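Asker: A single structure is presented below for examination.
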Amino acid sequence: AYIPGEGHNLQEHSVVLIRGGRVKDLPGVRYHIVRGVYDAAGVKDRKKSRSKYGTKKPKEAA
Amino acid sequence: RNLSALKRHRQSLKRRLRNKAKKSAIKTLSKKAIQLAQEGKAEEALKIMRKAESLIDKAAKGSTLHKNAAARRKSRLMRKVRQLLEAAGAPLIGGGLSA
Amino acid sequence: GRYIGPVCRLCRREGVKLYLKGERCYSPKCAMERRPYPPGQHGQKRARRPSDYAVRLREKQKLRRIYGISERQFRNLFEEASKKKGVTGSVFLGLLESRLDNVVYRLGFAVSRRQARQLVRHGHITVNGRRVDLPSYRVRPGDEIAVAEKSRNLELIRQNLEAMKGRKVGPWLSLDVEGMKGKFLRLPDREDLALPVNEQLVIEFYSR
Amino acid sequence: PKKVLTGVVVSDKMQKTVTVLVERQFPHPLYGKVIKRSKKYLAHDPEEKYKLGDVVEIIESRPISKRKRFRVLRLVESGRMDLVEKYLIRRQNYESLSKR
Amino acid sequence: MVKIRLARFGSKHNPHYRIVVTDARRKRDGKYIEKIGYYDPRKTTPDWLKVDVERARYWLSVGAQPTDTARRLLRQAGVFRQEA
RNA sequence: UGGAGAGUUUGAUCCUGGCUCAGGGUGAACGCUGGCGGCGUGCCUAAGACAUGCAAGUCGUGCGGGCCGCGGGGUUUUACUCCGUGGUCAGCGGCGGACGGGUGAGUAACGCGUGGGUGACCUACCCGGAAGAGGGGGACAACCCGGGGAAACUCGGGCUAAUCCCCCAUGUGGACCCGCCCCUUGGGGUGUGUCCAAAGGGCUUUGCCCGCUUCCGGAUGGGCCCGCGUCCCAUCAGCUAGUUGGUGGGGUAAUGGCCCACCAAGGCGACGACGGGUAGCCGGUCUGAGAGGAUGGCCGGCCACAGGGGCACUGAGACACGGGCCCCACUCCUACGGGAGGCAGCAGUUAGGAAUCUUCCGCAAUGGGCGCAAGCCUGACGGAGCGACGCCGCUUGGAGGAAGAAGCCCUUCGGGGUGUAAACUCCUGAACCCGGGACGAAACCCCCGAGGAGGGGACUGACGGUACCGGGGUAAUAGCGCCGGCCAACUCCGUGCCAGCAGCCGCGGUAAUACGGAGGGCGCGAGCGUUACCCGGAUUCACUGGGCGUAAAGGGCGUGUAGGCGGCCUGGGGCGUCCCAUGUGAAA
């Protein structure tokens, strides 16, 4: 299981949501991780791929 | 806890009782009949085939042997007598017996 | 929700206006004549070679954009268009035009799409006895669009009908500024309503 | 009604009952060409009268025994030694296909 | 036992029953031997009623039984009437 | 009335071709955002185990009784009893429990779709038809006497009734038997001899209602049987001694070895037998121009299962989900002597999984079971609740509005953009306030006639005062993928083969249009992306619609079996084939 890229913590449980999709990297990359799940909740500050990259609605209060 | 499916098994026990006794009597009377007829006397076993006939009706009427079944028993029973009468005997008297 | 807001931003987007908003986007600009061309920081920075399929997508938009309806339902009544019988393209057009809201607009009760569909959803339209909100409710030959009784005493309705008198209605659109009505007569064709749009492009596109 | 079919008598070897090679053919629900097919049936002969070949019209009747379905009501031809020959050539082939 | 009954179809809050003969066992919105009529107690269409009294006379004359809403339907469709 | 292709193999072209994408869907799931309403849909996993509440009852027009109640009859009155008796509890008795109902485990099946045979058959609660309902007898409850025990319930004794069980009857008829006429698989009649009936209850009583006896005919469902089609592995090649067949028995409603006995060697197989993996089947469903592929959940039909297995019983019907017996586990109650239980019924707990809901209302409508009716059970059904899971409709506004403010993105300092968008303007008027207010249901029922047809009046709403009609009126949620070619849309800083995106090719190795940020714009919008599963493009298992000189591929070559197919001509056949009549193909 890979991950959704930048901004991780994960340590060793997380419930990494086995997903699915290799690339030209890590002879596997099948069954990814999701953030949000039971751990990770995305990049500390993300402004796009918040469909996996955790972050809710950047409510910058202004 | 409560369900009158106990009614079922009670009355049903009584009905099984009915079937048991009556059907049993049927089988045994049939057997005495074939015994006597096998010997070479007939007449008594034809009054016993009379009694038998009445009995197989008692079957037919009830929930024991249903109509056609009782009929089949009647038939086979009457059939076997005739042939095994001729065998060393001489069919003289007749009730369910036809000349 | 049906887009709304900065609208004739769409007008400039096509490169060809669509009245969309009356009194202004009909006056000396549908955001056009001021500065007519597709918006954004780019816009006036040399056009390209948009592919056939792509200018076709644009055409499909274009068409759905003049018909102030979600491309959702543009599509929906396109499925219904390819469903039953009728000259696919031109009949699809007439099927779009035969909708209560632009019936009310082209009648002249309203001054463009936004206003039209608003008034229509406001059930100010009595067709054959009943006021009907239901903007995407298409009428039938022999029916007639009317307006409510207290709605005879409405400001810009009166003003619309005032500036309307003299402006001859569509051929299938029967006017009636006396009985306060509008007979939905026959079923119009491309030569009854001409808008910068190709029917077969919408077919070919949607009917991939 | 009561479905019938003619058929080449195979094996008289059973007492008062013979087998019958019945035959049909039909095209292909996705491949044109008509295909020829075999299907054996039970030829019922209370008074043993049919032998090696005797093509007869045969009749599906009341369940006679274990798979003892079909019967006979009329003959057609006899001495089908050629057909029965081919049948037995197939049987030869069956006794000519060993995996052990 | 063969009875004549009603099988409602439609949706949630747009009733319309199928006036239809069937056997006792046959469930409601299920299967029927033969269909003869329709009845919608809602009254939104002037065609809220239809009775195929011909085959109804068949079923009645061949050993079947009616229902209650039937009772209404029969007394209101000449199914009962004997003219004279 | 129905067919779009594209990227990726080179220096460059072409061909074969694989991968990938654009696409459509779903009982979805996941993350991000989330307003109103309609119809749908909702354990896709462990056929893993369940607390509790309900789901099959009903009938006094079969019968006796308990005992609560009352006028109160009898007893002069008494103890109290005792006649009528609403009741009320069980019992004996009667009908449903075999329908309603859920899952899919098994099952590759005469199970299912399908076409018929039954001269091999059953069919109750019902419509017609015929002969009718003579007389007598016995036994057990409930109840009264005693016991065991925690209960479960269990043991014995003593009585009463019956639409409870028998007895010789009465015998149109039905049943068998041996003959006989017609038939032709056991179809119908007929000559001889024997067997069978019946239940009575009600009342406006001399008549009917409800039921009963004997048969025939239909209405209706199924039993058996064949025809036919029915996943895959040939690295599953042989299989079989109840085995193939008969005679003679037994059994079922009945054909047949399904089982007894006795017996002659046969019964299937490359038309893929045997084996084993896998699987409910269908009317249908999604996709593709189509051929077809895949699929079968809500619904409708057929099957099968009842914690696993055996098993009978009862009966019109069962091997019987809320009936019985036993083995197996498994869990629970106890005083540990003993005993109980099955949510694959319905709501609800728990194991399980990324995920599949309320421990709700009414029998008012329909439908089922029972009752002469009044009526009664019905978690069937008919209604609200919850979840954007699906599809549909819908408000967040209209209209004036700047050479265009400022706020922020960009710059060659001239400005460009954002955007009529905003603000200011007037207009309407979701939400919401008051008022009235539904259809969904008129039959059943009593009454005139006769209890028939017909006629009249009257009773009957769970939703909910919700829908909707009238008036008063507030501008009142906006998100999700993207902007390297397929695929529509670029500018600015950072980041510097690092952090990283990626379905394909790949992109960054210190000026990235692919990362990441910010303005803008592409798409869609109460929704958008992601993954998974399925059909397509894939003409990429090619029948339409392919191929084997060198890309993947002739068997090293001759032989021959079966099989495949076949020269000219006449005529007979009418099997394949073609034509119209015609049965069915339900409903949806």
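Chain labels follow the order of the structure tokens: the first chain is A, the next B, and so on; residue numbering restarts at 1 in every chain, and ligands are counted from 1 in their shown order.
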What lies within 10 Å of residue B:44 using only C-alpha atoms (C1' of nucleotides), ignoring chain neighbours under 5 positions off, as number ranges by chain?

Answerer: B: 32-33, 36-37, 49-50, 93

Asker: Excluding same-chain residues fewer than 5 positions from residue B:88, what lies within 9 Å of it counting only C-alpha atoms (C1' of nucleotides), as a PyMOL selection string?

Answerer: chain B and resi 38-40

Asker: Could you write out that same residue set with N, CA and C atoms as a short mmCIF file (atom, residue, chain, number, x, y, z; two decimals), in the first residue's frame?

Answerer:
```cif
data_model
loop_
_atom_site.label_atom_id
_atom_site.label_comp_id
_atom_site.auth_asym_id
_atom_site.auth_seq_id
_atom_site.Cartn_x
_atom_site.Cartn_y
_atom_site.Cartn_z
N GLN B 38 -55.31 -70.79 1.20
CA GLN B 38 -54.12 -71.52 0.77
C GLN B 38 -54.29 -72.98 1.11
N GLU B 39 -54.84 -73.24 2.30
CA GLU B 39 -55.15 -74.62 2.67
C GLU B 39 -56.02 -75.31 1.60
N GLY B 40 -57.27 -74.90 1.48
CA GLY B 40 -58.18 -75.53 0.54
C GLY B 40 -59.57 -75.71 1.13
#
```

Asker: Any idea which chain C residues end up within 7 Å of chain F if we count only C-alpha atoms (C1' of nucleotides), as a list in words please?

Answerer: residues 1, 6, 40, 41, 54, 114, 115, 118 and 208 of chain C

Asker: Considering only C-alpha atoms (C1' of nucleotides), extract the chain F residues located within 9 Å of chain B and return them as JSON, numbers by chain.

Answerer: {"F": [56, 57, 97, 165, 175, 176, 177, 178, 179, 192, 193, 194, 195, 196, 252, 253, 313, 314, 315, 322, 323, 324]}

Asker: Counting only C-alpha atoms (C1' of nucleotides), what is within 7 Å of residue A:30, bar same-chain residues fewer than 3 positions away, as a ChimeraX atom specification?

Answerer: /A:1,20-22
